[PDB]
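All chains are identified by letter, namely A, B, C and D, in their written order; residue positions are counted from 1 within each chain.
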Amino acid sequence: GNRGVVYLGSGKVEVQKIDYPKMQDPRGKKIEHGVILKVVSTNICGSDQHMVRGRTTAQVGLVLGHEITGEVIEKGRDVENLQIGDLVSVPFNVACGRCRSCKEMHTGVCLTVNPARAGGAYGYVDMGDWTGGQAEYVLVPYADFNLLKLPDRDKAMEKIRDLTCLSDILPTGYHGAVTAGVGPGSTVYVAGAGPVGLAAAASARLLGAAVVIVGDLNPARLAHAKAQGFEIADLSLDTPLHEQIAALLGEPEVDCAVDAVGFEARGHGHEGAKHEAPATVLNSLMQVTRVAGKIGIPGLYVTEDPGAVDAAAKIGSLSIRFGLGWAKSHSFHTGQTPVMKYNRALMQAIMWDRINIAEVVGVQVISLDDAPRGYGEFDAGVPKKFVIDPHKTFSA
Amino acid sequence: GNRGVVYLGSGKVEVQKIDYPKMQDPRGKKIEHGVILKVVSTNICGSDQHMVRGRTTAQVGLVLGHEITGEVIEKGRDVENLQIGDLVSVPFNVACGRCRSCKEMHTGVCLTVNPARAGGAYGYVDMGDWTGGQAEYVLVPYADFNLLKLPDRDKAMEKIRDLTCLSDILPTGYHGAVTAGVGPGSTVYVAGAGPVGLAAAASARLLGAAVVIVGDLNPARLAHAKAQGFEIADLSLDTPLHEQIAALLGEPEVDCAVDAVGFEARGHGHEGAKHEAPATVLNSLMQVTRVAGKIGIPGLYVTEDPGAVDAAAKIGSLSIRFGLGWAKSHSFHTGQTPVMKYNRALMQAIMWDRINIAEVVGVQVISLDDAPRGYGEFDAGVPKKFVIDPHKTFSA
Amino acid sequence: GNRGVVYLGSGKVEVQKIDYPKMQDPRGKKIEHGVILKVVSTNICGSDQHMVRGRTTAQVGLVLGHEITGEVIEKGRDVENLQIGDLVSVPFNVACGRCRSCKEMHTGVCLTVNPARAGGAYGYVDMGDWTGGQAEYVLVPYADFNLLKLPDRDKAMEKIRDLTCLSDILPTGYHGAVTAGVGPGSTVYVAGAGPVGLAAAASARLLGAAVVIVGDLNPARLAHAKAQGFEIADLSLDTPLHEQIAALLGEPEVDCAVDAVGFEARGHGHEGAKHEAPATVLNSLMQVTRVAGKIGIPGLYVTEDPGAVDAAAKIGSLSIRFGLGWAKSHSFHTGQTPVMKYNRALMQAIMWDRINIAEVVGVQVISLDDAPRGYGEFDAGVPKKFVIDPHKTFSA
Amino acid sequence: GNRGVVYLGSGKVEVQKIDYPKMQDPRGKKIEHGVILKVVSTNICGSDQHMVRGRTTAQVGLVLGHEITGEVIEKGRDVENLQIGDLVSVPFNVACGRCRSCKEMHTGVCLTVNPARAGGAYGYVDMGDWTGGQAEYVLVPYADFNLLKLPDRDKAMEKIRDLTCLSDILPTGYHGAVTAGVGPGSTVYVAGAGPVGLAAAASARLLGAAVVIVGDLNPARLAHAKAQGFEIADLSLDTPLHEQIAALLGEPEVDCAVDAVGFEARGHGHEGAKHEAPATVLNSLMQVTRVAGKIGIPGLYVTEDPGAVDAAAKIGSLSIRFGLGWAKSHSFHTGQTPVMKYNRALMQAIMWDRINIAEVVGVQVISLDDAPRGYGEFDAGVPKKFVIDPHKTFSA
């Protein structure tokens, strides 16, 4: 059998028995290029929280999870590179490797796996209805294209809390930093101290950044970031962000900025911080990024948000002070991360002890039975990254 | 003496006697690195029209003009590369060549020539108060860094209507196309059929584009674009832009898109087209650019527009459907063109007859006395690029 | 049945009855991801001439041909994107789409299709033993990754002489130009006026180059290059190449250079040009490329050349004046073209009439029975690109 | 007065009284855009050792030194950005900031400071005859373009052993790594464990490399590289380099390779390593770099080497196995480092404690009187980077 985390509506999730995976696409067409995995580790993301909070078009009954690490237990006949028993990291993007986007390495926007729009992902709104992987077992299509084979079992399993971050958050923070132009000696501001913002800060550090400033309103997440060796900015203070940056750096701007918040952003200041203001991060990043800088935006912005602040925000239309970014010659880089572009190199960085990602993001391993409470604690703001071990493969 | 085009407020300009240029900066500090030019050709830009329409903070008394081609008649002692008599193209950006931005080739955002913000330009709001060049004579500072020496007099003067476009519009259209990722075989949509949109289309063609579609509401400019060999889209029709693109290409999207309109954009449709809606072009480009595409934005967006449609638009804040561009993984590239990055190669393209820019943009040479009427005709929408010859150097 | 061109050693080729293609790799392992094509057009390359001249370790009995355009007449069970009857362009590289090289777009060096080294190709020495396609029928593996679907039958077949260049020579010329940094306004020197050098020149022109100088010692090919609109340099003259360039450009260097000759290069000068001197082109490109320039090298250099001038050259070791290139800060870009990187955009350039590649390279369509005489005429230096139409599909 | 290190021919150098610097170029033409520095730190380079060994056309009497850090004590009338007392890092390249190369950031090949060829440098053969700076005082031309202002006196002087590496070796190591494609998770091989190879290794580590293998035949330098945290390969062993790499990585190739040796390279193996063989490193890097990799070559190769192994090598012509590199699709990146491209970011990496460059390269501070013994110890292979403090400014 199988069981997984199901969205029930009204901010609730629950573990339920679900169908065992089949070798077919979501439209029921049998495939020979996929594998069925026994899930080793499967995480909870901020994107899942957006869905569970009712800020997307997600429907009741949705099986969640797009951050999978697992063992191949079955394979189709068009799977040349994986053997039964192999341990693999699964990119959250469902990609075919047989379309223009995939061939050009734009694996976040594959043209064939989703009938409604480009781009596919597991257990995710508007992403092709590929079943989620916060579960015991899951299907991965186009296995020879998507999967990253991990090192022999023993090496890999010792670092499983780090390697479970390769499915999404480490490559996502990395993509945010790279597309914001971070490199050796850069000064960087990362808005957001959730797991993706922390991964972006760790990635900026791995890239050689001179200093990373991580901003948030949540004081537990700021304390965590500071303890991990980053500088911080507290957006709930009345002190403007540019003054908090100037106090740390000697100038009110950074070389590079990353938005790791997205469409549920809060305003700034004692009062501002209390209310949602979806364009706040974009507007602040134009203010604090130096001229000709690049703004990397891994934070999610959607086409429909039923709980947004106004009619315009309900269809993703925000009041952005674009003239400011224009006057400073800023570039803006957005979208789902093409995880496959970076996951192999990041695996090598983890295996050679060049990054301590599980420590930086606050990995906490929980059972599948503890997933609903993990969602609740994460929603409350704890500075953790919940990693489910469904079969008690490594946390007995 | 000297005379130039002076902004008088209330949509009026007039030629007036102005001071002869001095070898000093706008703060009165003497400089040895500049030259004084006798102006050979000096054009009128859409940016000037924004100022003359009262859509910026420009003050009465402003001498206009930032598109200069001229002859060196005086030089300071820190000018090693120019000789009296040399014919030069002047980039519209005032850049020092002695700051981080300039050294990194971000010459549109020089850090030292403007006390108020990065970036300088002649006769332009918020750009360092460097005197404009729609005039008989003008100072160019940091001459060894900024100026592009043109071919020996005779060769260059035969193509002066083409070469006068190197100060701004050809490099600007080019920057729009390059930053939108145009190359050999690309399909391109250019919003705007004014001189910059036409230069972007010509630049896309020079870059090897398979096809360029130029959109506008002005039927004279669309007829011009069509006669120049481009495809067109008429935004005043009720037929949606994506359907007009699909009728030409077989799909409702292009590979690359350029915004050559900016902050006075009109809405689309029979009724829409009649009223201003500043976020219209940005929103439409996210709709018609394919996933993972790049949107190049040479069109001007400002920090303050006194005549905007609403309070938010008066400080450059627009209602942009950013969630759409995010869902499609779009990148956005903005700002003043770094003219020096591209003007030498574009000069070679002009001299070797690889681009016919004066024909494409509708160059029309006028006297300095005819500048106010040139402004009026340009404002009315004629499909021309007005080029003043102040001393009757080549149009007797 | 099937027939194809077979290499017989001692400079001879002959059309022979060969086996009908099978759905298997070169080792006999069955594959269900390939297609069998009915060959529509299939060309003869300069690489085939190196093999036929005995300048490689190609073995007697080799079926030649790696420039195929064809119609899908049989597909494996796991092919998702091709239908029977589709017309397709086949990149000359045999690539899997399932390894690190392919995922990173380095499809000229696929890691799994060739047991001996990275990189695969049809009918080619050290390329994995994939059967050549100067034949009636041919297998293409991993069809959903390699094949480029051509437009609706009719439009496509009208331009088949141009579209047949997409399998190799147009993307190759293009790769040489792009990796040499060619763009709008560039000055370019292309060494070699065979079909690949002519395609490099046409590609440089499509990229916007101001002027392309094509060098060769073969008068017919130089006259052809002139007729097609390029400048020329005749290496059989005693006039040094840099003087020839200076007479055309006013300076003895170009911005970009492309080696479209490879390891059978001749020396320069009246006497020099009569004798092989394999480092001649590499050495000359360092002399005529401007400082900080890039030298794109599509011309083939091999690890073993049994007929080379000396012991070192038989092992691919050449006396290259590297200190000159180093002193000028040159970069060198080499290898088999990754055809899939550029073929789709180049297809759109052909279909929209932006490049007349068949005319530029001198396409001459012939039957399969005329292939051996075509090889002979090509070996003698005719300025033609031989395109075989094996079933007389379009050349009746 | 002034004193500096003078090359006397026959492998000797001596400190002599030399002229005080003058505000003029090497031709005697007065300039008002330069500064005269009081030298704070000034290092000895492997390039100086090539000259002192008689392996270049350097002439007897040359004042050596191109690695200067100093205090502005006199400025020309046209210097805008430096004040008396400023502490500055001097890039080793003499660049004008006013030519095509400088504007495009190719400051290693400036077109105007050297009459004989592009590119200038202090105290260096074929570099324009700009006076060397292993001395008490030195002129720097075009000060507003070349100089990098260091942080407030106190912070800066505490880290002077690290900051003295910004003039050449840290940016050089960095350039070699970046142009070899090094980034987060890369595997890297650096040929050469002198100060530049050690700086390349430190730069690769700062860029995020998973592991760096440093090769040399000199045991002291290998032991140093190990102590500093890198992996090593000993080329004096009979064990082939690819086997040494395979023992460390599990595969006989690296993602990226850097040649930090240049034209006095030794062969490999117990016997081989005792003899000069100048193409050894180039040939070995093609063997150990993975397909489609990039080979960064900061190691010097010259147009004339009077002491080379053979006639061809005396003219910079080497028997390089180019067919191997071609077969593997390698690119080769060469030339003098454009120090200004990277020095400011590397300064911030030093100031924020992200790189411990002085420790890694083995900085040993000495007096000007000890320079000749420093040259001798360095020539004998000590694992040190000699930094002269001519006025005992920080090393009392």
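In this section, contacts are C-beta pairs under 8 Å (C-beta built on N, C-alpha and C of every residue); 3 or more make two chains touch, one makes a residue touch a chain.
Participant: Taking B-C as the reference interface, which entry in B-D, A-D or A-B shares over half of its contact pairs by residue number?
Facilitator: More than half of the contact pairs of B-C reappear in A-D.
Participant: If you tally contacting C-beta pairs, which comes out ahead, A-C or C-D? Let me know.
Facilitator: Of the two interfaces, C-D and A-C, more C-beta pairs touch across C-D.
Participant: Distance-wise, how many Å sit between the C-alpha centres of chain C and chain D, to the nearest whole number?
Facilitator: Centre separation, chain C to chain D: 40 Å.
Participant: Can you work out the whole-Å distance between the CA centroids of chain A and chain C?
Facilitator: 43
Participant: Give me the residues of chain A that touch two or more other chains.
Facilitator: Within chain A, residues 104, 344 contact more than one other chain.
Participant: State the interface residues of chain A toward chain D in the complex, per the touch definition above.
Facilitator: Those residues of chain A that touch chain D are 174, 183-187, 203, 206-211, 344-349, 351-352, 354.
Participant: Looking at the complex, which residues from chain A come into contact with chain B?
Facilitator: Its residues touching chain B are 101, 104, 106, 108-109, 111, 117-119, 126, 263, 282-283, 291-292, 297, 300-305, 312, 315-336.
Participant: Mind pulling up the chain A residues that touch chain C in the complex?
Facilitator: 32-33, 77-78, 80-81, 97-100, 103-105, 144-145, 340, 344
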